[PDB]
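As provided, protein-v4.pdb (PDB, C-alpha atoms) reads as follows.
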```pdb
MODEL        1
ATOM      1  CA  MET H   1      -5.856  11.301  -0.748  1.00  0.00           C
ATOM      2  CA  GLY H   2      -5.640  14.649  -2.482  1.00  0.00           C
ATOM      3  CA  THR H   3      -3.549  14.460  -5.632  1.00  0.00           C
ATOM      4  CA  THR H   4      -2.699  10.878  -4.736  1.00  0.00           C
ATOM      5  CA  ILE H   5      -5.542   8.594  -5.756  1.00  0.00           C
ATOM      6  CA  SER H   6      -7.402   7.162  -2.774  1.00  0.00           C
ATOM      7  CA  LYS H   7      -6.567   3.457  -2.765  1.00  0.00           C
ATOM      8  CA  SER H   8      -9.570   2.798  -0.537  1.00  0.00           C
ATOM      9  CA  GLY H   9     -11.525   1.143  -3.333  1.00  0.00           C
ATOM     10  CA  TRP H  10      -8.605  -0.491  -5.126  1.00  0.00           C
ATOM     11  CA  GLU H  11      -8.468  -4.252  -5.582  1.00  0.00           C
ATOM     12  CA  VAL H  12      -6.023  -6.722  -7.087  1.00  0.00           C
ATOM     13  CA  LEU H  13      -7.306  -8.519 -10.176  1.00  0.00           C
ATOM     14  CA  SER H  14      -4.302 -10.770 -10.684  1.00  0.00           C
ATOM     15  CA  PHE H  15      -0.934 -11.326  -9.040  1.00  0.00           C
ATOM     16  CA  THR H  16       1.961 -13.603  -9.948  1.00  0.00           C
ATOM     17  CA  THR H  17       3.451 -13.942  -6.475  1.00  0.00           C
ATOM     18  CA  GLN H  18       2.700 -13.102  -2.849  1.00  0.00           C
ATOM     19  CA  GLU H  19       4.034 -14.339   0.471  1.00  0.00           C
ATOM     20  CA  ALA H  20       1.209 -15.098   2.888  1.00  0.00           C
ATOM     21  CA  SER H  21       3.173 -17.780   4.710  1.00  0.00           C
ATOM     22  CA  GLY H  22       6.715 -16.470   5.098  1.00  0.00           C
ATOM     23  CA  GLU H  23       5.454 -13.151   6.411  1.00  0.00           C
ATOM     24  CA  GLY H  24       3.154 -14.971   8.797  1.00  0.00           C
ATOM     25  CA  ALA H  25      -0.365 -13.880   7.930  1.00  0.00           C
ATOM     26  CA  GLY H  26      -1.829 -10.536   6.932  1.00  0.00           C
ATOM     27  CA  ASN H  27       1.502  -9.297   5.630  1.00  0.00           C
ATOM     28  CA  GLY H  28       3.369  -9.743   2.356  1.00  0.00           C
ATOM     29  CA  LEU H  29       0.064  -9.741   0.511  1.00  0.00           C
ATOM     30  CA  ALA H  30      -0.198  -8.198  -2.951  1.00  0.00           C
ATOM     31  CA  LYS H  31      -3.173  -6.121  -1.832  1.00  0.00           C
ATOM     32  CA  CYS H  32      -1.062  -4.569   0.939  1.00  0.00           C
ATOM     33  CA  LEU H  33       0.838  -2.862  -1.872  1.00  0.00           C
ATOM     34  CA  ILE H  34      -2.325  -0.881  -2.604  1.00  0.00           C
ATOM     35  CA  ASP H  35      -3.693  -0.887   0.937  1.00  0.00           C
ATOM     36  CA  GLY H  36      -1.805   2.310   1.627  1.00  0.00           C
ATOM     37  CA  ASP H  37      -0.007   1.701   4.898  1.00  0.00           C
ATOM     38  CA  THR H  38       3.707   2.079   5.619  1.00  0.00           C
ATOM     39  CA  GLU H  39       3.659  -0.723   8.184  1.00  0.00           C
ATOM     40  CA  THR H  40       2.326  -3.219   5.656  1.00  0.00           C
ATOM     41  CA  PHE H  41       4.195  -4.421   2.593  1.00  0.00           C
ATOM     42  CA  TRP H  42       4.081  -6.891  -0.268  1.00  0.00           C
ATOM     43  CA  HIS H  43       6.723  -9.586  -0.451  1.00  0.00           C
ATOM     44  CA  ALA H  44       7.503 -12.079  -3.192  1.00  0.00           C
ATOM     45  CA  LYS H  45       7.091 -15.748  -2.291  1.00  0.00           C
ATOM     46  CA  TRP H  46      10.219 -17.099  -0.609  1.00  0.00           C
ATOM     47  CA  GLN H  47       9.100 -19.573   2.047  1.00  0.00           C
ATOM     48  CA  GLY H  48       8.875 -22.862   0.215  1.00  0.00           C
ATOM     49  CA  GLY H  49      10.142 -21.349  -2.991  1.00  0.00           C
ATOM     50  CA  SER H  50       9.601 -18.374  -5.260  1.00  0.00           C
ATOM     51  CA  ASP H  51       7.389 -18.094  -8.341  1.00  0.00           C
ATOM     52  CA  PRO H  52       8.528 -17.820 -12.003  1.00  0.00           C
ATOM     53  CA  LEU H  53       9.580 -14.316 -13.054  1.00  0.00           C
ATOM     54  CA  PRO H  54       8.483 -11.940 -14.263  1.00  0.00           C
ATOM     55  CA  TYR H  55       5.957 -10.900 -11.623  1.00  0.00           C
ATOM     56  CA  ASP H  56       2.874  -9.039 -12.838  1.00  0.00           C
ATOM     57  CA  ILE H  57       0.418  -7.410 -10.440  1.00  0.00           C
ATOM     58  CA  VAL H  58      -2.759  -5.980 -11.936  1.00  0.00           C
ATOM     59  CA  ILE H  59      -4.799  -3.490  -9.915  1.00  0.00           C
ATOM     60  CA  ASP H  60      -8.291  -2.170 -10.670  1.00  0.00           C
ATOM     61  CA  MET H  61      -8.784   1.437  -9.604  1.00  0.00           C
ATOM     62  CA  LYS H  62     -12.538   1.089 -10.245  1.00  0.00           C
ATOM     63  CA  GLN H  63     -12.424   4.325 -12.219  1.00  0.00           C
ATOM     64  CA  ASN H  64     -10.695   5.851 -15.216  1.00  0.00           C
ATOM     65  CA  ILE H  65      -7.787   8.008 -14.158  1.00  0.00           C
ATOM     66  CA  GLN H  66      -5.421  10.109 -16.232  1.00  0.00           C
ATOM     67  CA  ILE H  67      -2.067   8.726 -15.140  1.00  0.00           C
ATOM     68  CA  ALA H  68       0.741  11.235 -14.693  1.00  0.00           C
ATOM     69  CA  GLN H  69       3.010   9.863 -11.982  1.00  0.00           C
ATOM     70  CA  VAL H  70       3.419   6.597 -10.092  1.00  0.00           C
ATOM     71  CA  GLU H  71       4.930   6.376  -6.615  1.00  0.00           C
ATOM     72  CA  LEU H  72       6.721   3.381  -5.145  1.00  0.00           C
ATOM     73  CA  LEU H  73       7.302   3.228  -1.433  1.00  0.00           C
ATOM     74  CA  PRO H  74      10.117   0.749  -0.748  1.00  0.00           C
ATOM     75  CA  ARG H  75      11.366  -0.474   2.597  1.00  0.00           C
ATOM     76  CA  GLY H  76      15.121   0.056   2.590  1.00  0.00           C
ATOM     77  CA  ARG H  77      15.223   0.088   6.356  1.00  0.00           C
ATOM     78  CA  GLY H  78      16.638  -3.333   7.176  1.00  0.00           C
ATOM     79  CA  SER H  79      15.721  -4.594   3.714  1.00  0.00           C
ATOM     80  CA  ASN H  80      17.974  -5.830   0.911  1.00  0.00           C
ATOM     81  CA  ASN H  81      15.558  -5.558  -2.029  1.00  0.00           C
ATOM     82  CA  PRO H  82      17.481  -7.014  -5.010  1.00  0.00           C
ATOM     83  CA  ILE H  83      15.175  -5.071  -7.330  1.00  0.00           C
ATOM     84  CA  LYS H  84      16.999  -3.393 -10.199  1.00  0.00           C
ATOM     85  CA  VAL H  85      14.298  -2.385 -12.690  1.00  0.00           C
ATOM     86  CA  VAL H  86      10.539  -1.883 -12.439  1.00  0.00           C
ATOM     87  CA  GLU H  87       8.076  -1.604 -15.303  1.00  0.00           C
ATOM     88  CA  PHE H  88       4.724   0.163 -15.130  1.00  0.00           C
ATOM     89  CA  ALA H  89       1.824  -0.604 -17.447  1.00  0.00           C
ATOM     90  CA  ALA H  90      -1.655   0.890 -17.703  1.00  0.00           C
ATOM     91  CA  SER H  91      -4.842   0.042 -19.578  1.00  0.00           C
ATOM     92  CA  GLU H  92      -8.242   1.524 -20.400  1.00  0.00           C
ATOM     93  CA  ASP H  93      -9.897  -1.802 -21.237  1.00  0.00           C
ATOM     94  CA  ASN H  94      -7.665  -4.230 -19.269  1.00  0.00           C
ATOM     95  CA  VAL H  95      -6.793  -5.891 -22.571  1.00  0.00           C
ATOM     96  CA  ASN H  96      -4.523  -3.314 -24.164  1.00  0.00           C
ATOM     97  CA  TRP H  97      -1.652  -2.528 -21.843  1.00  0.00           C
ATOM     98  CA  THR H  98       0.689   0.352 -22.498  1.00  0.00           C
ATOM     99  CA  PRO H  99       4.040   0.710 -20.687  1.00  0.00           C
ATOM    100  CA  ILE H 100       3.794   4.132 -19.075  1.00  0.00           C
ATOM    101  CA  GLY H 101       7.420   3.962 -18.016  1.00  0.00           C
ATOM    102  CA  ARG H 102      10.322   1.637 -17.362  1.00  0.00           C
ATOM    103  CA  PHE H 103      12.712   2.797 -14.654  1.00  0.00           C
ATOM    104  CA  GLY H 104      15.248   1.482 -12.184  1.00  0.00           C
ATOM    105  CA  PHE H 105      14.178   0.714  -8.639  1.00  0.00           C
ATOM    106  CA  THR H 106      16.054   2.504  -5.885  1.00  0.00           C
ATOM    107  CA  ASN H 107      15.831   0.625  -2.583  1.00  0.00           C
ATOM    108  CA  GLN H 108      15.293   3.325   0.014  1.00  0.00           C
ATOM    109  CA  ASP H 109      13.031   4.271   2.910  1.00  0.00           C
ATOM    110  CA  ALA H 110      11.470   7.163   0.995  1.00  0.00           C
ATOM    111  CA  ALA H 111       8.936   7.043  -1.843  1.00  0.00           C
ATOM    112  CA  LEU H 112      10.120   6.925  -5.445  1.00  0.00           C
ATOM    113  CA  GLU H 113       8.337   9.415  -7.693  1.00  0.00           C
ATOM    114  CA  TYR H 114       8.077   8.089 -11.235  1.00  0.00           C
ATOM    115  CA  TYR H 115       6.886  10.622 -13.786  1.00  0.00           C
ATOM    116  CA  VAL H 116       5.324   8.515 -16.531  1.00  0.00           C
ATOM    117  CA  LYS H 117       3.351   8.667 -19.778  1.00  0.00           C
ATOM    118  CA  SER H 118       0.182  10.726 -19.411  1.00  0.00           C
ATOM    119  CA  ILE H 119      -2.581   8.334 -20.445  1.00  0.00           C
ATOM    120  CA  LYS H 120      -6.070   7.286 -19.364  1.00  0.00           C
ATOM    121  CA  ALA H 121      -6.214   4.092 -17.358  1.00  0.00           C
ATOM    122  CA  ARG H 122      -8.715   2.314 -15.165  1.00  0.00           C
ATOM    123  CA  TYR H 123      -6.328  -0.555 -14.642  1.00  0.00           C
ATOM    124  CA  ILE H 124      -2.686  -0.383 -13.646  1.00  0.00           C
ATOM    125  CA  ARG H 125      -0.118  -3.157 -13.688  1.00  0.00           C
ATOM    126  CA  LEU H 126       3.141  -3.398 -11.786  1.00  0.00           C
ATOM    127  CA  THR H 127       5.613  -5.579 -13.638  1.00  0.00           C
ATOM    128  CA  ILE H 128       8.728  -6.952 -11.976  1.00  0.00           C
ATOM    129  CA  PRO H 129      10.770  -8.092 -15.017  1.00  0.00           C
ATOM    130  CA  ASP H 130      13.338 -10.890 -15.009  1.00  0.00           C
ATOM    131  CA  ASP H 131      15.244  -8.790 -17.523  1.00  0.00           C
ATOM    132  CA  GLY H 132      16.443  -5.969 -15.309  1.00  0.00           C
ATOM    133  CA  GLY H 133      18.494  -8.288 -13.124  1.00  0.00           C
ATOM    134  CA  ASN H 134      15.699  -8.667 -10.612  1.00  0.00           C
ATOM    135  CA  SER H 135      15.876 -11.537  -8.153  1.00  0.00           C
ATOM    136  CA  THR H 136      12.851 -13.464  -6.871  1.00  0.00           C
ATOM    137  CA  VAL H 137      12.981 -11.430  -3.661  1.00  0.00           C
ATOM    138  CA  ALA H 138      10.920  -8.244  -3.550  1.00  0.00           C
ATOM    139  CA  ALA H 139       9.602  -6.185  -0.639  1.00  0.00           C
ATOM    140  CA  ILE H 140       7.632  -3.009  -1.304  1.00  0.00           C
ATOM    141  CA  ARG H 141       5.572  -1.123   1.286  1.00  0.00           C
ATOM    142  CA  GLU H 142       3.013   0.496  -1.002  1.00  0.00           C
ATOM    143  CA  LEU H 143       2.352   1.813  -4.489  1.00  0.00           C
ATOM    144  CA  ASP H 144       0.549   5.096  -5.127  1.00  0.00           C
ATOM    145  CA  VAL H 145      -0.642   6.928  -8.226  1.00  0.00           C
ATOM    146  CA  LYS H 146      -1.018  10.635  -8.918  1.00  0.00           C
ATOM    147  CA  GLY H 147      -3.472  11.582 -11.635  1.00  0.00           C
ATOM    148  CA  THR H 148      -6.809  13.095 -12.594  1.00  0.00           C
ATOM    149  CA  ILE H 149     -10.136  11.376 -11.882  1.00  0.00           C
ATOM    150  CA  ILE H 150     -12.146  10.757 -15.055  1.00  0.00           C
ATOM    151  CA  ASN H 151     -15.874  10.008 -14.981  1.00  0.00           C
ATOM    152  CA  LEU H 152     -18.008   7.862 -17.259  1.00  0.00           C
ATOM    153  CA  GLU H 153     -21.026   8.634 -15.116  1.00  0.00           C
ATOM    154  CA  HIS H 154     -23.351  11.330 -16.423  1.00  0.00           C
ATOM    155  CA  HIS H 155     -26.111  11.250 -13.822  1.00  0.00           C
ATOM    156  CA  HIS H 156     -28.586  13.326 -15.840  1.00  0.00           C
ATOM    157  CA  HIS H 157     -28.090  10.988 -18.802  1.00  0.00           C
ATOM    158  CA  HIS H 158     -27.654   7.653 -17.041  1.00  0.00           C
ATOM    159  CA  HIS H 159     -30.654   6.746 -14.896  1.00  0.00           C
TER     160      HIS H 159
ENDMDL
END
```
Render the structure in this file as structure tokens.
Amino acid sequence: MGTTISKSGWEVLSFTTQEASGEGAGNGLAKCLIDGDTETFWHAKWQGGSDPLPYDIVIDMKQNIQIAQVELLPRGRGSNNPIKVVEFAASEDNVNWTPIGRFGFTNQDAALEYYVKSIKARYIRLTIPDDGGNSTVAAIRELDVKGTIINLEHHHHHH
């Protein structure tokens, strides 16, 4: 809300891993990452076994937004989080992904502000690479995006 894009209408198009069993039920879901609540978080599958890295989570923002900065809200508090490096990708057509920034992940209780490549994107992908040293254990509260809302809707020319 405000400069941060309202994740109210955001949905997950594809996810590589999510723990809907180890975290009970209603928690550890990939959509919780974009649900926008500090008490909910996404967790990689651990109960019964993890999935093959890397982990790619693709979110549809349902609108074209000029990406400027991505925010990652980790847990930290009572969490290990063996996440070393995180990679952010964005796309205008869902087909052509462009890495808006690759940075290291700092496990903390406060949000991580990632200033990235300024580019238009309707879709955004969170990539957890197997290259950065990342283990198959990941727990992130939420992901947010700061940008400018772009419109493809010209009401006086589209009705």
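Residues selected in this file by the PyMOL selection byres ((chain H and resi 142-145) around 7) comprise residues 4, 5, 32, 33, 34, 36, 37, 38, 41, 69, 70, 71, 72, 73, 140, 141, 146 and 147 of chain H.
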Point-to-point distance in Å for atom CA of residue H:113 and atom CA of residue H:56: 19.9 Å
Selection under test: the PyMOL selection byres ((chain H and resi 96) around 12); residues as a list in words: residues 89, 90, 91, 92, 93, 94, 95, 97, 98, 99, 120, 121, 122, 123, 124 and 125 of chain H
Closest pair table for stretch 39-79 of chain H residues within 9 Å of stretch 105-110 of chain H, all atoms listed in the file, as a Markdown table:
```
| residue | atom | partner | partner_atom | distance |
| --- | --- | --- | --- | --- |
| H:72 | CA | H:110 | CA | 8.6 |
| H:73 | CA | H:110 | CA | 6.2 |
| H:74 | CA | H:108 | CA | 5.8 |
| H:75 | CA | H:109 | CA | 5.0 |
| H:76 | CA | H:108 | CA | 4.2 |
| H:77 | CA | H:109 | CA | 5.8 |
| H:79 | CA | H:107 | CA | 8.2 |
```
Selection dump of the PyMOL selection byres ((chain H and resi 45) around 9), as a VMD selection string: chain H and resid 17 to 22 28 43 to 44 46 to 51 136 to 138
Straight-line distance linking atom CA of residue H:117 with atom CA of residue H:10, stated in Å to one decimal: 21.0 Å
Separation of atom CA of residue H:1 from atom CA of residue H:102, in Å and rounded to one decimal: 25.1 Å
Non-local contacts of residue H:132 (9 Å; only C-alpha atoms; under 6 positions in same chain excluded) as a list in words: residues 83, 84, 85, 86 and 104 of chain H
Pick from H:111, H:139, H:65, H:53 nearest to residue H:152, counting only C-alpha atoms: H:65
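Take the candidates H:16, H:40, H:3, H:8 and check each one against residue H:126 using only C-alpha atoms; the shortest distance goes to H:16.
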Polymer residues at most 6 Å from residue H:129, only C-alpha atoms, same-chain spacing of 2 or more positions, as a PyMOL selection string: chain H and resi 54+127+131
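In this comparison, which uses all atoms listed in the file, the residue of H:154, H:31, H:7, H:159 approaching residue H:58 most closely is H:31.
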